Amino acid sequence: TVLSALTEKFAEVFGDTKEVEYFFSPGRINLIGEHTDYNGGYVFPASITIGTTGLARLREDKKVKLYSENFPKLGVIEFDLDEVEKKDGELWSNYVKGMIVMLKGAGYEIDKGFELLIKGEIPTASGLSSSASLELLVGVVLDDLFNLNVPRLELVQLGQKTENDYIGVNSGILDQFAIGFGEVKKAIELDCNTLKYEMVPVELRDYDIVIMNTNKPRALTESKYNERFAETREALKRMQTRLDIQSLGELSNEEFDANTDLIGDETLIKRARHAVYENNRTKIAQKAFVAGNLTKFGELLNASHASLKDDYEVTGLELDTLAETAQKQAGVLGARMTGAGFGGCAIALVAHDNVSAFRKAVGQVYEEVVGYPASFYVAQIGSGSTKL
Ligand SMILES: OC[C@H]1O[C@H](O)[C@H](O)[C@@H](O)[C@H]1O
């Protein structure tokens with residue numbers, strides 16, 4: 001269907017539809033381990049079904065044409081294979097340029113032009129990783145048309161590199177890895193420090209993963225994020241004077257706790273603390289998950305939420321409203337914000353049968369409180385990016 005839609009939307013915009021190829025790159029959620037990725041910690045994310053889809057083909061020439069069903073008002077975008085280096089304001093093609101730029105930089109050669117049509121179910125500021133989906137979409141597309149044999153990991157590090165180096169957004173490999181390594185009904189246990197990971201099948205029993213979007217209108221600016229990154233780095237530096245660690249992730253909670261003096265600043269102390277605690281927490285939480293102790297698991301979820309609420313300070317009235325109200329509900333294991341923070345989505349582990357009611361009970365409070373409405377969706381675990 002959708003394709004048919006896309007498909008027919010391609011000849012229009014682009015004329016024909018010959019030798020065209022279909023791709024898809026999902027979005028993701030992090031079950032646990034937030035703001036650890038860039039602090040040498042573990043993460044427990046999963047790819048969802050909502051993602052980004054692309055129809056594209058090779059060109060005759062070295063020109064690049066792009067259409068985005070989500071922003072039709074730009075009409076078509078083009079550039080030739082030689083402006084990849086110069087961004088264009090905050091346009092979407094930027095992600096396409098960067099990837100090309102990164103791709104080439106790794107020795108890969110994108111010698112021709114091509115066409116690209118995309119549609120993405122991932123909400124602009126959902127916190128569900130729209131950038132990474134796209135980067136990865138491009139990744140696999142380029143990887144396919146130009147028949148490169150880009151290893152997933154590189155592909156992934158390249159997408160992170162674009163975000164970071166080109167787009168200019170600070171981050172860890174969190175989104176790229178999940179999206180890149182996604183597997184149907186599987187979550188990824190990843191050690192960010194070593195890039196060693198484990199695929200974990202999602203085994204929730206009668207529980208569903210309910211995604212709650214604050215729908216909070218906010219400035220897609222990203223400084224608070226950038227400060228965090230800043231902050232912990234500093235803390236880490238201070239720690240490094242007397243400590244032989246490459247990241248905050250190396251520290252036991254006790255070890256951290258004993259050395260807070262190295263830091264001194266109260267706020268710095270909180271951030272890094274959140275960085276330490278969170279990492280260890282993930283470790284244990286994932287085992288719980290693995291052990292089928294959904295309960296302990298859910299309690300840990302709640303715990304991640306408060307650390308983020310209190311020590312790292314990235315939640316907010318909205319995020320807190322959702323999670324906490326959600327926790328209050330019956331047939332709810334625990335709940336927390338997922339992703340960056342500062343709005344976006346939260347998730348909950350809720351009894352399949354209590355879901356419909358949960359949405360209502362929880363939304364109500366929210367609207368009341370936040371004044372506005374939240375959005376509910378049940379997560380659906382799918383595969384990472386691919387040529388399908
Ligand atoms: O866990 C917090 C999370 O926030 C954003 O989504 C970043 O892009 C991820 O790399 C990660 O740092």
- Item | Residues of the stretch 251-267 satisfying the condition of being under 14 Å from residue 39 (Cα atoms) and surrounded by 18 or more Cβ atoms within 10 Å (Cβ to Cβ) | 251, 256
- Message: residue 74 - would you say it is over 21 Å from the mean Cα position of the chain (by Cα), buried (at least 23 other Cβ atoms within 10 Å of the Cβ) and within 30 Å of residue 4 (Cβ to Cβ)?
- Response: no
- Can you work out which of the residues in the stretch 209-245 that are in contact with a strand residue (DSSP E or B) (Cβ under 8 Å, 6 or more places away or on another chain) and hydrophobic (A, V, I, L, M, F, W, C) is nearest to the ligand (Cβ to nearest atom)? 211
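If a residue must be in contact with an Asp or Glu (Cβ under 8 Å, 6 or more places away or on another chain) and either assigned to a loop (DSSP other than H, G, I, E, B) or within 16 Å of the ligand (Cβ to nearest atom) (or both), how many such residues does the stretch 21-38 contain?
Number satisfying all stated conditions: 6.
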- Task: Please state which of the following conditions residue 220 fails to meet, knowing it meets all the rest: (1) of a type in the set (A, V, I, L, M); (2) surrounded by fewer than 15 Cβ atoms within 10 Å (Cβ to Cβ); (3) outside the structural domain of residue 293 (by CATH).
- Result: (3)
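Results for (1) more than 14 Å from the ligand (Cβ to nearest atom); (2) surrounded by fewer than 24 Cβ atoms within 10 Å (Cβ to Cβ); (3) among the small types (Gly, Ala, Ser), shown as yes or no for each residue.
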| position | (1), (2), (3) |
| --- | --- |
| 137 | yes, no, no |
| 144 | yes, yes, no |
| 150 | yes, yes, no |
| 156 | no, no, no |
| 159 | no, no, yes |
| 162 | no, no, no |
| 182 | yes, no, yes |
| 185 | yes, yes, no |
| 190 | no, no, no |
- Is there any pair linking a residue in the stretch 259-279 that is assigned to a helix (DSSP H, G or I) to one that is surrounded by 24 or more Cβ atoms within 10 Å (Cβ to Cβ) and charged (D, E, K, R), with Cβ under 8 Å and at least six apart or on different chains, and which? 278/34
- Message: I'm checking my understanding of the structure. Among residues of the stretch 106-119 that are touching a residue at least 40 places away in the same chain (Cβ under 8 Å) and of a type outside the set (D, E, K, R), which one is nearest to residue 10 (Cα to Cα)?
- Response: 117
- Message: I'd like to check which strands (runs of 3 or more DSSP E) are fully inside the stretch 156-219 and have at least 3 residues that are farther than 14 Å from residue 48 by Cα, of a type outside the set (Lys, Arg) and touching a helix residue (DSSP H, G or I) at 6+ places or on another chain (Cβ under 9 Å).
- Response: 186-191, 197-201
- Task: Return yes when residue 340 is within 20 Å of residue 46 (Cβ to Cβ), in a strand (DSSP E or B) and either more than 16 Å from the ligand (Cβ to nearest atom) or touching a residue at least 40 places away in the same chain (Cβ under 8 Å) (or both) and no when it is not.
- Result: no
- Task: Report yes if residue 48 is under 30 Å from residue 252 (Cα atoms), assigned by CATH to the domain that holds residue 136, within 16 Å of the ligand (Cβ to nearest atom) and touching a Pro at 6+ places or on another chain (Cβ under 7 Å), otherwise no.
- Result: no
- Flag if residue 122 is over 30 Å from residue 208 (Cβ atoms), touching a helix residue (DSSP H, G or I) at 6+ places or on another chain (Cβ under 9 Å) and outside any strand (DSSP E or B): no
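The values are calculated or read from the model by the stated rules, or taken from the named source; no laboratory read-out is quoted. Neighbour counts are summed over all protein chains in view; Cβ atoms, including those assigned to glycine, are modelled from backbone coordinates with ideal geometry.
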